file upload.cif (mmCIF, N, CA, C and O atoms)
data_entry
#
loop_
_atom_site.label_atom_id
_atom_site.label_comp_id
_atom_site.auth_asym_id
_atom_site.auth_seq_id
_atom_site.Cartn_x
_atom_site.Cartn_y
_atom_site.Cartn_z
N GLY A 1 0.83 -1.24 0.00
CA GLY A 1 0.00 0.00 0.00
C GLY A 1 0.84 1.26 0.00
O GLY A 1 2.07 1.19 -0.10
N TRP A 2 0.17 2.42 0.12
CA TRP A 2 0.86 3.72 0.14
C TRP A 2 0.28 4.65 1.21
O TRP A 2 1.04 5.34 1.90
N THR A 3 -1.05 4.66 1.34
CA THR A 3 -1.74 5.53 2.32
C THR A 3 -3.04 4.90 2.81
O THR A 3 -3.32 4.92 4.01
N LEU A 4 -3.82 4.34 1.88
CA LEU A 4 -5.11 3.71 2.21
C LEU A 4 -4.95 2.21 2.46
O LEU A 4 -5.76 1.61 3.18
N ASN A 5 -3.93 1.61 1.85
CA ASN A 5 -3.67 0.17 1.99
C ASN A 5 -2.52 -0.11 2.97
O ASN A 5 -2.45 -1.19 3.55
N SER A 6 -1.62 0.87 3.14
CA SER A 6 -0.47 0.73 4.05
C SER A 6 -0.74 1.43 5.38
O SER A 6 -0.49 0.86 6.45
N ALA A 7 -1.25 2.67 5.31
CA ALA A 7 -1.55 3.47 6.51
C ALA A 7 -3.02 3.32 6.92
O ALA A 7 -3.35 3.45 8.10
N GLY A 8 -3.89 3.05 5.94
CA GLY A 8 -5.31 2.89 6.20
C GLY A 8 -5.70 1.44 6.45
O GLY A 8 -6.49 1.16 7.35
N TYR A 9 -5.14 0.53 5.65
CA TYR A 9 -5.43 -0.90 5.78
C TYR A 9 -4.20 -1.67 6.26
O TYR A 9 -3.07 -1.20 6.11
N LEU A 10 -4.43 -2.86 6.83
CA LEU A 10 -3.36 -3.71 7.34
C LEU A 10 -2.96 -4.76 6.30
O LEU A 10 -3.79 -5.22 5.51
N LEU A 11 -1.67 -5.14 6.31
CA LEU A 11 -1.14 -6.13 5.38
C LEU A 11 -0.58 -7.33 6.13
O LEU A 11 -0.02 -7.18 7.22
N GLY A 12 -0.74 -8.52 5.54
CA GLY A 12 -0.25 -9.75 6.15
C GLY A 12 -0.98 -10.98 5.63
O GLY A 12 -1.80 -11.54 6.36
N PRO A 13 -0.71 -11.44 4.37
CA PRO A 13 -1.36 -12.63 3.79
C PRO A 13 -0.81 -13.95 4.34
O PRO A 13 -1.56 -14.92 4.50
N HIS A 14 0.49 -13.98 4.64
CA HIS A 14 1.15 -15.17 5.17
C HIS A 14 1.92 -14.85 6.45
O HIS A 14 1.88 -15.62 7.42
N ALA A 15 2.62 -13.71 6.46
CA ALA A 15 3.40 -13.27 7.61
C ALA A 15 2.65 -12.23 8.43
O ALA A 15 2.05 -11.31 7.87
N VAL A 16 2.68 -12.39 9.75
CA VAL A 16 2.00 -11.47 10.67
C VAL A 16 2.98 -10.44 11.26
O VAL A 16 4.17 -10.73 11.42
N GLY A 17 2.46 -9.25 11.57
CA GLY A 17 3.28 -8.19 12.13
C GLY A 17 2.45 -7.10 12.78
O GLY A 17 1.82 -6.29 12.08
N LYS A 18 2.44 -7.08 14.12
CA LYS A 18 1.69 -6.08 14.88
C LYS A 18 2.60 -4.96 15.37
O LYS A 18 2.31 -3.78 15.18
#
call {"tool": "encode", "arguments": {"input": "upload.cif", "output": "structure tokens"}}
result
Amino acid sequence: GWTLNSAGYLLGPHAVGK
């Protein structure tokens, strides 16, 4: 992502990171 997918939405299809 860039703003809505990186800063707005969370990423992690296989690897988790909180």
call {"tool": "atom_distance", "arguments": {"input": "upload.cif", "atom1": "atom CA of residue 3 of chain A", "atom2": "atom C of residue 15 of chain A"}}
result
19.3 Å
call {"tool": "atom_distance", "arguments": {"input": "upload.cif", "atom1": "atom CA of residue 4 of chain A", "atom2": "atom CA of residue 16 of chain A"}}
result
18.8 Å
call {"tool": "atom_distance", "arguments": {"input": "upload.cif", "atom1": "atom C of residue 14 of chain A", "atom2": "atom N of residue 1 of chain A"}}
result
15.1 Å
